[PDB]
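Here's the structure we're looking at; comments come further down.
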There are 2 protein chains.
Amino acid sequence: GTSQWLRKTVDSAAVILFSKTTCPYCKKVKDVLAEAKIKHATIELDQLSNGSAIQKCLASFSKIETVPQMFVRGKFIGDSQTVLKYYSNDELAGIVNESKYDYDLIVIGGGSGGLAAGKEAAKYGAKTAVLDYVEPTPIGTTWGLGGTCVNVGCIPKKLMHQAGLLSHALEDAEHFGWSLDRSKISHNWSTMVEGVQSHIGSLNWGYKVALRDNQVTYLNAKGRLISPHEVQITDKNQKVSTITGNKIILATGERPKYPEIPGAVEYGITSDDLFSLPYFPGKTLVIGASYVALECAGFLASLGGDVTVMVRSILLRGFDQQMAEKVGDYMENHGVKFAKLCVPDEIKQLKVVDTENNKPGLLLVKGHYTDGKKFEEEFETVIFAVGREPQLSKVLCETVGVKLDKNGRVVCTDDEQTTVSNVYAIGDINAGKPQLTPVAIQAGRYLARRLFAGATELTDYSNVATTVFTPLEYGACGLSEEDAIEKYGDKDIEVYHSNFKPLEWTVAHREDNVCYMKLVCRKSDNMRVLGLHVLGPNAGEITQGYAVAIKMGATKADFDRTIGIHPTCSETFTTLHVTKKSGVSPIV
Amino acid sequence: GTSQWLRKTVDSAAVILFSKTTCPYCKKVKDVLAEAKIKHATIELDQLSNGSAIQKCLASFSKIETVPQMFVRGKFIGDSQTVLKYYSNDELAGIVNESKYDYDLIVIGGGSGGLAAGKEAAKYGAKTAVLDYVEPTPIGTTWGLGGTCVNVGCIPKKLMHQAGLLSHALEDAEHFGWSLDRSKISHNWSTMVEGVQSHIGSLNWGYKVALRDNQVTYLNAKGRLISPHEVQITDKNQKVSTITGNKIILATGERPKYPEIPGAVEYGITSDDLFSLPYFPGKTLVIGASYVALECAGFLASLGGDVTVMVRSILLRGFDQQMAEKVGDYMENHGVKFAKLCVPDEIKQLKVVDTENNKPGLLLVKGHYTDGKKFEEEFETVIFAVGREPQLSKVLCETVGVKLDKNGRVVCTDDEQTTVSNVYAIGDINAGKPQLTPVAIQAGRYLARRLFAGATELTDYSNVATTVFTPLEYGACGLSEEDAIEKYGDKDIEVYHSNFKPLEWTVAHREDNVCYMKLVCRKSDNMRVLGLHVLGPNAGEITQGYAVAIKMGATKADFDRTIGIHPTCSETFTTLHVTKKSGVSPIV
Ligand SMILES: Cc1cc2nc3c(=O)[nH]c(=O)nc-3n(C[C@H](O)[C@H](O)[C@H](O)COP(=O)(O)OP(=O)(O)OC[C@H]3O[C@@H](n4cnc5c(N)ncnc54)[C@H](O)[C@@H]3O)c2cc1C
Ligand SMILES: Cc1cc2nc3c(=O)[nH]c(=O)nc-3n(C[C@H](O)[C@H](O)[C@H](O)COP(=O)(O)OP(=O)(O)OC[C@H]3O[C@@H](n4cnc5c(N)ncnc54)[C@H](O)[C@@H]3O)c2cc1C
Ligand SMILES: C=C1C(=O)C=Cc2ccccc21
Ligand SMILES: C=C1C(=O)C=Cc2ccccc21
């Protein structure tokens with residue numbers, strides 16, 4: 001048991017020390033490495049149950065049982081003195097620093113997971129290189145380091161959400177007494193895009209800095225794994241070179257799909273273009289139903305745009321459909337038009353995008369409804385959010401044996417290992433895992449600690465909370481109501497729910513009985529909270545805390561004996577009492 | 001054991017039925033009471049571990065072991081047939097309805113706890129009366145039903161907070177692209193007060209309705225307990241009468257204190273006056289340091305007022321003082337002036353309040369600093385928030401034996417019982433308990449279930465989360481850092497902390513490294529989270545969820561293995577790693 005673990009650890013760590021807190025010559029060599037600016041992992045045997053056996057099983061590797069014991073890339077490098085003996089004659093640089101390969105770790109893709117993994121690995125001695133490149137969109141849009149979230153995802157998405165929410169803040173401010181000229185307030189897209197792009201620019205550059213500050217080599221180069229330990233890089237000159245690493249982390253993410261219809265690539269855009277668009281989109285058609293589609297339709301409308309969403313079948317497939325319908329219901333009642341049960345057939349261009357005056361072109365979208373009537377309408381902008389797909393054929397010489405699935409994602413063990421044992425996959429390309437930035441970050445950091453500091457903890461992908469940043473936000477943790485009934489049967493499921501009304505909405509004359517929340521519980525398992533769902537303002541702030549309790553096995557009674565904070569939206573979870581089976585109405 | 005419990009239950013319940021789910025004639029009599037509009041508690045013996053012994057120990061009271069068994073005010077009223085036998089001849093009204101006293105329950109005081117207790121008791125058959133009266137402030141301010149929170153507390157306080165936050169929303173909106181005329185935006189106090197008063201009016205009346213709809217008798221009358229079961233009421237005619245109840249719940253709350261200096265009662269105001277004030281306060285001096293003082297100084301300043309806070313010694317005594325200083329630091333840097341280590345000696349009137357044009361008067365505040373220099377400054381309004389005190393001498397003929405403490409609050413057992421066994425105390429007047437509306441509500445509801453439906457659960461007063469609604473909010477659950485070190489010693493305490501920055505603040509050019517959060521943990525108890533502290537926007541929404549986990553015994557590792565929601569402020573709790581002992585800086 002313990003020896004399978006120590007075998008992996010010693011082979012994988014680049015620079016690691018085993019030590020004790022209460023023993024001198026442990027303390028003694030740490031300070032010397034410090035002084036020498038040589039980074040390393042450390043395992044305080046005094047602080048593990050296992051430590052007993054390990055310092056003893058350790059002698060299988062060193063012929064030794066003293067602490068300290070220092071290893072480098074799988075090989076014992078000595079005692080108290082043999083290492084001082086290396087600083088001694090100044091030979092502790094080419095010792096800690098030589099490897100079969102150029103790097104302990106090459107990370108391919110510089111997004112949420114890849115930068116997080118790279119950084120944490122460098123923190124324990126790993127010689128690390130991060131590759132990143134951004135294949136432009138069909139119109140030539142590109143961006144800097146940081147990945148989908150930072151550049152064309154949650155970050156700009158949420159800022160434009162915020163700008164949208166300020167619309168309702170400007171409305172609300174009048175009823176709270178502010179002298180406000182709503183007959184003279186407009187929104188300027190270019191000003192907003194420039195502020196958003198300036199904060200993105202500062203994150204692109206904060207990430208370069210951060211890589212430099214942690215002795216990580218950043219390469220603006222496309223990476224192709226040609227063999228388990230070999231990565232071919234092509235740079236901005238199209239110059240081709242080869243580099244070698246012991247561990248490889250694939251973290252290349254996905255890019256938007258287009259539908260295969262005439263004029264879609266040529267005249268439509270995706271989220272990749274939206275957030276740096278020079279010109280206001282104007283009257284916009286969003287094609288799709290993902291949380292991406294509704295988030296974008298949502299703030300465009302709150303920015304005053306004329307917005308339409310084309311929905312092939314249902315909203316937010318994969319999410320609790322009662323909540324999805326409530327989300328959709330709020331947007332329809334606040335400006336968003338929905339062309340329901342409708343697909344596109346062609347996009348025909350009527351006007352070309354004016355680089356001159358930064359104004360959109362004009363498109364004719366032709367489509368058909370399920371009922372056979374034809375869709376034909378003009379839009380200045382058409383945005384596809386019909387899903388996202390990995391681009392790995394462009395990264396994995398399929399000679400190398402990294403097994404992909406149907407959808408092009410990487411088949412992984414529970415510790416992120418691919419079918420090539422030194423190659424791991426994190427983030428959106430890891431088949432079957434939730435596709436979210438914090439997941440990718442915990443995966444990369446936790447994996448980096450297993451590789452290079454002997455950690456054991458795996459990433460827990462279960463009950464990962466989400467929030468959809470539609471005009472009215474929807475946060476969730478755990479199962480939808482339909483999935484809990486599927487798994488356990490209707491009679492084993494109790495659902496407590498309630499409408500509520502933000503105090504902020506009262507003076508502001510917003511809706512009663514629109515915001516809503518519910519706990520899905522297992523009668524047979526002590527009313528274990530299996531899924532939490534909340535529709536209302538600040539739904540992410542609300543939900544996050546409860547994801548800790550749920551991960552701990554919260555039951556209904558745990559919610560009930562917690563005392564609310566007043567006045568908040570979140571406190572309503574601590575007083576829920578109407579059940580669905582009751583028939584009683586959740587209104588307030 | 002079980003029999004001590006059933007003895008209390010049968011004596012106390014007004015109308016209660018013992019039953020089984022899977023037995024007919026249980027189901028049989030419920031529907032008949034339903035049809036008869038007679039409310040009652042119900043205890044499904046099939047659903048308790050205890051049920052075994054109880055249906056058997058039940059025969060000590062009825063001479064019976066059948067279900068159903070129905071009692072009224074301590075006395076068995078029969079079987080399947082003896083009750084149908086009472087509906088039968090129409091005598092089931094004066095049976096369920098007669099008592100030694102006019103009421104199963106008189107609640108004295110119609111505030112958060114009292115209305116919640118009254119309502120829940122009526123729901124199980126208790127004949128209930130709620131008394132409420134509002135002694136005017138020294139200037140004659142009064143208000144309707146609902147208590148401190150609804151009328152002159154968290155509700156108006158938080159709405160005026162909101163109006164204050166919209167000030168920064170109007171600022172923020174420009175950087176997010178909105179064409180906004182800040183050289184032409186003012187705030188109108190009277191418009192805001194009127195909106196706030198209109199929502200309060202609708203709550204005053206929603207509460208009257210709710211009492212009427214639950215067959216509760218509401219009396220706008222001052223109540224005085226003259227004997228354990230006798231309450232003297234004086235109405236708006238000063239007509240004096242007497243009423244009797246079996247159980248008495250004292251829920252009369254507190255009223256603001258004034259300092260004993262010339263001109264304070266005559267020319268100053270309290271929070272009781274602030275929220276209905278006809279006129280803008282104008283240049284204002286807030287005397288005090290409570291969360292009340294800072295909340296009010298805070299939104300007045302965000303409303304554009306010239307605001308000064310007079311602080312005798314420290315801010316927010318009783319709260320974590322590192323956080324208190326950060327709260328204070330933010331307000332000082334955003335307009336609030338602090339006259340530190342300063343007390344008032346006299347208020348002299350310079351101008352009388354103009355009922356005519358609704359404009360404040362003018363005051364000269366004379367005071368002295370600790371350093372001996374004299375304070376002397378003009379203010380249009382002066383507000384005292386120097387604490388709050390119960391007024392029970394005006395309610396308890398001290399003949400009756402309800403033991404008060406030093407401060408005038410009621411000494412209670414863990415189940416809210418006073419020293420007179422049928423008389424309970426809830427809310428702010430219950431000595432030693434946190435003084436918060438949701439506490440009072442859970443106390444009253446939970447107590448009502450023990451009295452009248454045989455419930456056993458007590459209210460848990462430990463680890464009750466709070467939020468202070470200063471311009472930058474401060475939420476907390478559990479111990480301050482200083483109290484954890486006092487209780488467990490410095491070397492047993494680890495503190496993880498971090499600065500953070502709302503995404504919303506970036507484009508808006510607000511402060512880096514001002515918002516802040518920390519977990520106070522017990523090294524010796526598995527890094528058990530002993531106190532959580534967060535300074536930032538939406539601090540109540542953030543904190544609430546975590547209070548469930550903490551009540552469940554959350555450790556640091558429970559926080560770490562939870563995955564964040566991105567992008568949120570709250571997610572930063574799931575990635576904390578800098579410790580205080582580390583010396584490393586919490587910045588970002
Ligand atoms: C519009 C939108 C909104 C979103 N909002 C949220 C949200 O609010 N919250 C949330 O949690 N998640 C959100 N997501 C999801 C989130 O952005 C992703 O989960 C996250 O970016 C994925 O991280 P990753 O490490 O898997 O890859 P990415 O962050 O996509 O990074 C992969 C990187 O690798 C580069 N690359 C690709 N191929 C190569 C190659 N051969 N060589 C070198 N580099 C290469 C790519 O150009 C890119 O820089 C959003 C996504 C979208 C599209
Ligand atoms: C400015 C301010 C802001 C606050 N903000 C918050 C906040 O944000 N969150 C929070 O949780 N708490 C807050 N609090 C505290 C909260 O308002 C109280 O905890 C709560 O109102 C106390 O409830 P209670 O049932 O003890 O009494 P109260 O709500 O005070 O009600 C007592 C009632 O009894 C009446 N009464 C008194 N004597 C008699 C008598 N003899 N006969 C009949 N009726 C009588 C009183 O007039 C009053 O209506 C705030 C308090 C203040 C002052
Ligand atoms: C259920 C919906 C809804 O409520 C609002 C809009 C919508 C659009 C497309 C499909 C379904 C819906
Ligand atoms: C510690 C303080 C602070 O930071 C700001 C203001 C203040 C006022 C009175 C007492 C203390 C403080």
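In what follows, every chain begins at residue 1, and chains take the letters A, B, ... in the order their sequences are listed.
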Nearest heavy-atom neighbours spanning A/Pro360 and A/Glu380: CG-OE2, 3.2 Å

Between A/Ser570 and A/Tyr546, a side-chain donor and acceptor under 3.5 Å: yes

Side-chain heavy-atom pair A/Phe319, A/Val327 within 4.5 angstrom cut-off: no

Separation between CE of A/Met160 and SG of A/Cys296, rounded to the nearest 0.5 Å: 8.5 Å

Between A/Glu171 and A/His509, a side-chain donor and acceptor under 3.5 Å: no

Main-chain N/O of A/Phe275 paired with A/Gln197 side-chain donor or acceptor, under 3.5 Å: yes

Distance-minimising heavy-atom pair for A/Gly144 and A/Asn151: O-ND2, 3.1 Å

Under 3.5 Å donor-acceptor, A/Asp428 side chain and A/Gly253 backbone: no

Side-chain ion pair, A/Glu504 and B/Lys158, N-O less than 4.0 Å: yes

Partner residues of B/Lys157 under the side-chain hydrogen bond (donor to acceptor under 3.5 Å, both in side chains) criterion, sequence neighbours left out: B/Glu295

Salt bridge (charged side-chain N to carboxylate O under 4.0 Å, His left out) partners of residues 185-197 of chain A, not counting sequence neighbours, each pair once: none

Test item: A/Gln544 and B/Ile542 side chains (from C-beta on) under 4.5 Å apart, heavy atoms: no

Sidechain-backbone polar pair: A/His187 side chain, B/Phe176 backbone, donor-acceptor under 3.5 Å: yes

Side-chain touch A/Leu362/A/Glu378, heavy atoms, less than 4.5 angstrom: yes

Shortest non-hydrogen contact from A/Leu274 toward A/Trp189: O-CZ2, 3.6 Å

Qualifying salt bridge (charged side-chain N to carboxylate O under 4.0 Å, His left out) pairs, either residue in residues 269-288 of chain A, two or more places apart: A/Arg255-A/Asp272, A/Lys283-A/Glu377

A/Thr284 side-chain N/O to A/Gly282 backbone N/O, donor-acceptor pair under 3.5 Å: yes

Between OG1 on residue A/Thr466 and NE2 on residue A/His533, distance to nearest 0.5 Å: 8.5 Å

From B/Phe500 atom CZ to B/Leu576 atom CG, the distance as rounded to the nearest 0.5 Å: 10.0 Å

Student check: side-chain heavy atoms of A/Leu159 and B/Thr506 closer than 4.5 Å: yes

Student check: side-chain heavy atoms of A/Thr381 and A/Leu285 closer than 4.5 Å: no

Set of residues satisfying side-chain hydrogen bond (donor to acceptor under 3.5 Å, both in side chains) with respect to A/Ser271, sequence neighbours excluded: none

Heavy-atom pair with the smallest gap, counting every atom of B/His566 and A/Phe469: O-CE1, 4.0 Å

Over 12 non-hydrogen atoms of neighbours within 6.0 angstrom of CZ in A/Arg312: no

Flag, side chain of B/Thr543 to backbone of B/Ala539, donor-acceptor distance under 3.5 Å: yes

SB check A/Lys340 A/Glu332 (cutoff 4.0 Å): yes

Approximate separation, where rounding is to 0.5 Å, of B/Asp512 CG and B/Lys501 NZ: 3.5 Å

Within-4.5 Å side-chain heavy-atom neighbours: A/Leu472 and A/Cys515: yes

Donor + acceptor pair across side chains of A/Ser186, B/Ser179 (<3.5 Å): yes

Shortest non-hydrogen separation from B/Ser302 to A/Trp178 and the atoms involved: O-CH2, 3.8 Å

pair B/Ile185-B/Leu180: side-chain heavy atoms closer than 4.5 Å: yes

Residue pair B/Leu166, B/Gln162: steps toward the side-chain contact (heavy atoms from CB on, under 4.5 Å) verdict: CA-CA 6 Å; B/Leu166 295 164; B/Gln162 177 61 1; 4.1 Å; yes

Atom pair CH2 (A/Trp143) and OG (A/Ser276), whose distance is rounded to the nearest 0.5 Å: 8.0 Å

Parallel, tilted or perpendicular, as decided by the 30° and 60° cut-offs, for the rings of B/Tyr330 and B/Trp505: parallel

B/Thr467: side-chain hydrogen bond (donor to acceptor under 3.5 Å, both in side chains) partners, not counting sequence neighbours: none

Under 3.5 Å side-chain donor-acceptor pair for A/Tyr516 and A/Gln322: yes

Residues B/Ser167, B/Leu303; criterion side-chain contact (heavy atoms from CB on, under 4.5 Å); working and verdict: CA-CA 7 Å; B/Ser167 164; B/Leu303 292 184; 6.0 Å; no

Donor-acceptor contact below 3.5 Å, side chain B/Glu541 vs main chain A/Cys569: yes

Closest non-hydrogen atom pair, B/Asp172 against B/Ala508: OD1-CB, 3.1 Å

A/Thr148 and A/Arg388: side chain donor to acceptor below 3.5 Å: yes

Residues A/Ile383, A/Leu300; criterion side-chain contact (heavy atoms from CB on, under 4.5 Å); working and verdict: CA-CA 11 Å; A/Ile383 305 167; A/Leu300 288 173; 4.0 Å; yes

Worked verdict on A/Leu294 versus A/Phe338 for side-chain contact (heavy atoms from CB on, under 4.5 Å): CA-CA 10 Å; A/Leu294 300 167; A/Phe338 281 88; 3.9 Å; yes

Any A/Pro438 side-chain heavy atom under 4.5 Å of B/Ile565 side chain: no

Listed partners of A/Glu473 passing side-chain hydrogen bond (donor to acceptor under 3.5 Å, both in side chains), at least two apart: A/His161

Separation of A/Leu503 CG from B/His199 NE2 (nearest 0.5 Å): 5.5 Å

